[PDB]
Every structure is written in C-alpha cells, then in structure tokens.
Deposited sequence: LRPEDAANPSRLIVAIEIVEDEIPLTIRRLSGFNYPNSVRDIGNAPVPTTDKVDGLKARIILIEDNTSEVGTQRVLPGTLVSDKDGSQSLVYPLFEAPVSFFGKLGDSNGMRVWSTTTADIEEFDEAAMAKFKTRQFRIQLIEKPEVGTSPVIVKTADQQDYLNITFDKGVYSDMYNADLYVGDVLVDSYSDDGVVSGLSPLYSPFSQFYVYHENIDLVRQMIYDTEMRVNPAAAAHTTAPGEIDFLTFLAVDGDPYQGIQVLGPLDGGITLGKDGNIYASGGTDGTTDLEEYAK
C-alpha cells in the first residue's frame, strides 16, 4: 500500500559546548518516519533537545526526503550513505567547481541489506554519485550536472536503449531537497563558526560551503562551533560507513 521512505533531518540548539566553554551549537542528525505525508511537506518543528545555557529548545529541520520505488516492507532494505568532500583525502574532487559556485561537494551511495551492507552501483557502474545539494552546479571534471534532485534517480536508472539490456530502475523514485531549510541550517553554522573561529573564513568563505551532514570543514577539520551528538546521544553518524535505511513500508 505504501512505499518505504527516508527523511533526513538535523536537530540543532544554541548551547555552551566545549571548544577542544564557548557559545556555539549542539547538533544531531535524525530520521523522520513518515510515509503518509506528501513528499516535500515536512515542517521545521521543535525537537526534544533543550539547552543547558538558556533554556531554549531545539528545532528539527527536514533536509532531504527519498521515497522507495516499489510497494512493500522489503523497501525497508533500501537505504543510503552520504559524506562531504575534503582537501585532505586520497580521492580528489572538483575544487574549481566548488570555488566557482561557492558550494560543497558530496558523495552519496545507495545500499541494500542484508548487511557490511551491499552497494547498489549506478547505471554507469560507479560505486557512488558525486552531488551538490544546490542547483546550477555543472562540473567539468565529471562533465555532469551535480544537483542531487536532477541527477540521482536518473543516474541509478537505465531505460536500456543504447545499453541493450533490460530497463534498469532506481530503488529511489525521487530525491526531494529542502532548500530553504538547508540554507537556514548552513547560515546558522557559518555564523556561529565565523564568530567562534574567525580564521575558518579562509577556506569556508560562504555559508554554501558548510558541510551540514558530517560537519567537516573543507580543510578536513571538524567545525569548532559544533558539538556533534552520536548514537550515545540520540544521534546518527553519517559518512562513508554511516548507514541509513528507508522505513515504514506497508503491504496491505
């Protein structure tokens, strides 16, 4: 009756964190479980976090949302991984593209259980897809558009034409990005950090360059104005090994 679904969100509050206090942010990645609402209608809402500093309450910002392509509880076997790029790693990434468009480059990969989980290769047979959460970014390195919304489904799909094989379809039928929420979240972290650690403006020159998922700065270094909350603290670790699955699949 109902597809499984993945909704990724971020819970943030203002608090005194440690700076290894100081005034910055307490954040944690969370999943919202809803297969009822129409896709793209999650709201920013107060979470369960409170602030030791001033009694303020956390807010929860839906970031993105992806429905599974097919009915059934088995759709709950679909999920994904996501991580930001860094001028610290083994692989490189499109540094001039980022420069030009002042946005951050991310890698997303689809996965399936049984779990390590199994990696769903893209059509062109790559292990992962290079994306930006912003529109208009075109990469000369990968000669592709990078915007997730425009490219993911399409990339894990293959109508079979010049391919000659059985049409291939993506396990996720659409990737909806909450642009406004993301911009709201990045600004928040950009501001906080420019204040806390103003040298960080050297490579983080725009709010659009903020990694709001794994909270690494471009240089590779985790922002000094964020204190991340892992599973110990009600959170979810994203990243190369950070597995998240759709849910709420119903058979009827």
item: Deposited residues absent from the coordinates (by C-alpha); value: 1-6, 27-51, 147-149, 287-295
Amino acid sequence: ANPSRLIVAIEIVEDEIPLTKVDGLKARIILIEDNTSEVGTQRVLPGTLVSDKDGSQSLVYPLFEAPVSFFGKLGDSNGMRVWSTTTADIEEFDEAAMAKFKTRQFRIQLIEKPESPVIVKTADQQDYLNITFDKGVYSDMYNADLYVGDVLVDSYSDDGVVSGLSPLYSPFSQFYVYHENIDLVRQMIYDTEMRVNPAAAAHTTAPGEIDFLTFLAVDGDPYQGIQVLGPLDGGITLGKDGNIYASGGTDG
From here on, numbers count along this sequence of modelled residues.
item	value
Mean C-alpha B-factor comparison - 219-227 and 60-68, higher one	219-227
Segment of higher mean CA temperature factor, 84-92 or 105-113	84-92
Identity of residue with top Cα B-factor, from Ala9, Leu25, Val22, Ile236	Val22
Among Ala201, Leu49, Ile32, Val39 - the residue whose C-alpha B-factor is largest in the record	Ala201
Third of chain Cα B-factors occupied by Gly75	middle
Position of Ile244 among the chain's modelled residues by C-alpha B-factor, lowest, middle or highest third	middle
Cα B factor band for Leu129 (lowest, middle or highest third within the chain)	middle
Chain third (lowest, middle, highest) by recorded CA B-factor, residue given as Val177	lowest
Chain-wide C-alpha B factor ranking for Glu193, given as lowest, middle or highest third	middle
